[PDB]
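First, one chain by itself in structure tokens, the form deposited in one PDB entry.
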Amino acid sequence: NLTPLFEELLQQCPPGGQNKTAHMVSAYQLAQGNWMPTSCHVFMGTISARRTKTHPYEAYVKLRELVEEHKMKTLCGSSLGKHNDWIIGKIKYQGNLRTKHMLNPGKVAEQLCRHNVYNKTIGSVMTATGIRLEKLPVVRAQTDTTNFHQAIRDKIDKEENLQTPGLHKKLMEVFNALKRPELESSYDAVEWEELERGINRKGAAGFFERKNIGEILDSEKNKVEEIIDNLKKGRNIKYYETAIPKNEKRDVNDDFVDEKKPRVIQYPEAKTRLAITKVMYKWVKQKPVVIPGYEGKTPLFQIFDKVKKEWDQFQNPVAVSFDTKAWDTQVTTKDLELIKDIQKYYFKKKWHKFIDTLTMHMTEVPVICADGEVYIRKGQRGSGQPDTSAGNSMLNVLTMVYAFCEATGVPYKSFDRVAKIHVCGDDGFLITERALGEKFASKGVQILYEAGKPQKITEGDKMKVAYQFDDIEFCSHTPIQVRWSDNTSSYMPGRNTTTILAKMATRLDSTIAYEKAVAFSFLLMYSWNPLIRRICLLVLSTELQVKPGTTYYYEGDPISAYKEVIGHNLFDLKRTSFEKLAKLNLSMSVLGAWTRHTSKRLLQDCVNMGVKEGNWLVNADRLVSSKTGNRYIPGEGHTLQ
């Protein structure tokens, strides 16, 4: 009766270990009365209790008393580490972050250095069909300095999560169930050439740097090699991260979902990022993949077909979603230490002192904000570290297998026999049989809280379950089935039409070639969406002399290029799933972004252009060509990046 009240309190208790000595009672037994909490330390949703016949509300006031007693004797003195001392010398002005859990030593001197504009061609195409641009959500919000420091105080300014005693030994036992011993002690640094192939030269400079990635490559390689040398020998470097709001000028990726970035971007200097990537390439880029389920290298237009083939081998498949609240701030020092031990498993012994020193620097990180304010972060992850994707994915896989096995009784070495997991940093889900998944979905919240990865406050304290394939959510997307004219069916990455329109029509800048790279990219993703697909085809049909400039672009003909990645011709897309299309279209009607005329004014504009003589891309749309009589004859075309 009082059970859900206790379930909520137990997610405020400090995690503890087993007891045996004392009777260990759950939130159920507590609300049944006649149990008195001896301690507030929780182990698997149990607490210790003396059978002294209490009132259920006396028990609750007791446990709550024990917890608040604990919380005030625990919020207490962070001595700065010698290797971070150098940042104090650069301090010039008093701090004003008002942080309650990490040092704010002050503010350094300001240093010597983008708004949301429309893509005019793409935007005018939408305006031309009655899509009302003013009703579309804002998709690239820039935070001002005051809400930025608020985001720091709100999300970063925290003490490290308590975790179950012995957790990381258990996680290490999960790792040993899925290591790849044929790769142990084999990873070595890579050559400049391999590094330079896969690296964005626009990659951002840190607070004290001036040159970006490409400029350091061109003229300051010796500075990167010196950092490698220091770390390799175990000497300290002047390691620091810079903090910027999401969608700031320096918010640039070194390598369609961009919602997978936190509000505060924290990133090491470009010299330092190159140093880490040169040595740890094979691990941070996952070449080869050793993280089970890792999908960070699978294209979004492929991922759901791959998952479908696994869903299809279960009697009663369900998927349980991982939804950790602000994952990067929940990463603890013991978590980083676990990743370090795993890296050292795969790396040759000559890089172990490198790995150790890097990790030490990452456990207490000086962070400089854009405005110069300094804070000292304990643990956590900066979203811009080269290890973010690989470290987070591995950490997520271990913690989720741990939680599932503790929850269901399945032993770690038996996970691969009853469940399939997929991860992209903190994002992911596992597929398994309905009984197993429902048992994991109810208990996972409390176990994952005690493992130091609290889940987003869900409905009834259960994790989200998908009972049908296309209710799965992953990388901001969800499966939508399409029908091909060869009588096959496949799945594409679905997402709300309102969100696709806003992403397509807007840009941060400080050219039609870029708009056609966007249109081709969105065509690769969203050709299941008749409205997106037709706008793409029109924009691509604009100024055909101009080559395209941006996750993907096409050499030669975009329609051929499409046929290469997707494996069908655009013209063979017969049908999109009726129900899932209606779901993904609802916010068009809720926001008033379209009207009853919009779908036909768009089709008409395509027919109007496609009946004309020539070779028109719009005629690659099955239904447009149906009404023009003309077809599109492709040239020779290839997808690149």
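Residue numbers run from 1 along the displayed sequence. C-alpha atoms forming the largest set that superposes within 1.5 Å between two forms make up the rigid core.
K.L.:
Quick check on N392: across the other compared entries (only those modelling residues on both sides), is it unmodelled in a third or more?
P.N.:
Modelled in all the others, so no.
K.L.:
Is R114 left out in a third or more of the other entries?
P.N.:
Across the other compared entries, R114 is absent from at least a third.
K.L.:
I'd like the number of residues from the deposited sequence that lie between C76 and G77 yet are not in the model, binned as none, 1 to 3, 4 to 9, or 10 or more.
P.N.:
Unmodelled stretch: 1 to 3 residues, a short break.
K.L.:
What number of residues from the deposited sequence go unmodelled in the gap from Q313 to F314, classed as none, 1 to 3, 4 to 9, or 10 or more?
P.N.:
Unresolved stretch here: none.
K.L.:
Comparing average C-alpha B factors as deposited, tell me which of 94-102 and 295-303 sits higher.
P.N.:
It is 94-102.
K.L.:
Mean CA B-factor: is it higher for 461-469 or for 552-560?
P.N.:
In the deposited entry, the stretch with the higher C-alpha B-factor mean is 552-560.
K.L.:
According to the Cα B-factor stored in this entry, which of the following is highest: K580, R596, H55, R601?
P.N.:
By C-alpha B-factor in the record, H55 ranks first.
K.L.:
When the modelled residues of the chain are sorted by Cα temperature factor, does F522 land in the lowest, middle or highest third?
P.N.:
Its C-alpha B-factor, which the entry lists for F522, ranks in the middle third among residues of this chain.
K.L.:
Looking at the C-alpha B-factor of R622, is it in the lowest, middle or highest third of its chain?
P.N.:
It falls in the bottom third of the chain.
K.L.:
Based on the deposited C-alpha B factors for this chain, I'd like to know if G384 is in the lowest, middle or highest third.
P.N.:
As the PDB entry reports it, the C-alpha B-factor of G384 lands in the lowest third of its chain.
K.L.:
Just say lowest, middle or highest third for the CA B-factor of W86 relative to the other modelled residues in its chain.
P.N.:
According to the entry, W86 has a C-alpha B-factor in the chain's middle third.
K.L.:
Mind checking which third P181 falls in for C-alpha B-factor across the chain?
P.N.:
Top third by C-alpha B-factor.
Only in words, not in the display: the form deposited in another entry, which the text now covers.
K.L.:
Return yes or no for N615: a CA shift of at least 2 Å between this form and the one not shown, with the rigid core superposed?
P.N.:
Yes, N615 moves 2 Å or more.
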